[PDB]
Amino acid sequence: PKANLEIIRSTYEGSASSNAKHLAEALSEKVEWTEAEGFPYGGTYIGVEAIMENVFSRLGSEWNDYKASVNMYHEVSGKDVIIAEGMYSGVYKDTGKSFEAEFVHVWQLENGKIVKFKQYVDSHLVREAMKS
């Protein structure tokens, strides 16, 4: 099997299509996916179909060029956990305002499947781009 670090990098480091396919291939059936409360898509979603409807489809439809760029990956001692420090950027369609916001994503894997994801994000900056 591919290393966990490689699996996680594969959800960010390629084209949008390769990233999306890689993520879907790696998600466990009952993956628990948490967007930060202050982020517009905040909440916890169980399974790929809820994640697509409530999160990724909206990142595509409400923003132009929504992008997540990782600056560091960290492998956690004594866990199957990968922590990514990164930056988001994008333009909110309704306002035309661009933003940048720093994030951390905490990924947990079991037997090489992604079983948990949690977003931490500088949500004030995201929300400011949404303000007319």
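Residue numbers here begin at 1 and follow the sequence given.
- Stretches compared: 51-59, 70-78. Higher mean C-alpha B-factor in the entry: 51-59.
- Look at the C-alpha B-factors of 112-120 and of 9-17. On average they run higher in 9-17.
- Residue-level inspection of the entry shows that, of 85, 94, 32, 37, 94 has the top Cα B-factor.
- When all modelled residues of the chain are sorted by CA temperature factor, residue 65 is found within the highest third.
- Ranked by Cα temperature factor within the chain, residue 26 sits in the highest third according to the deposited record.
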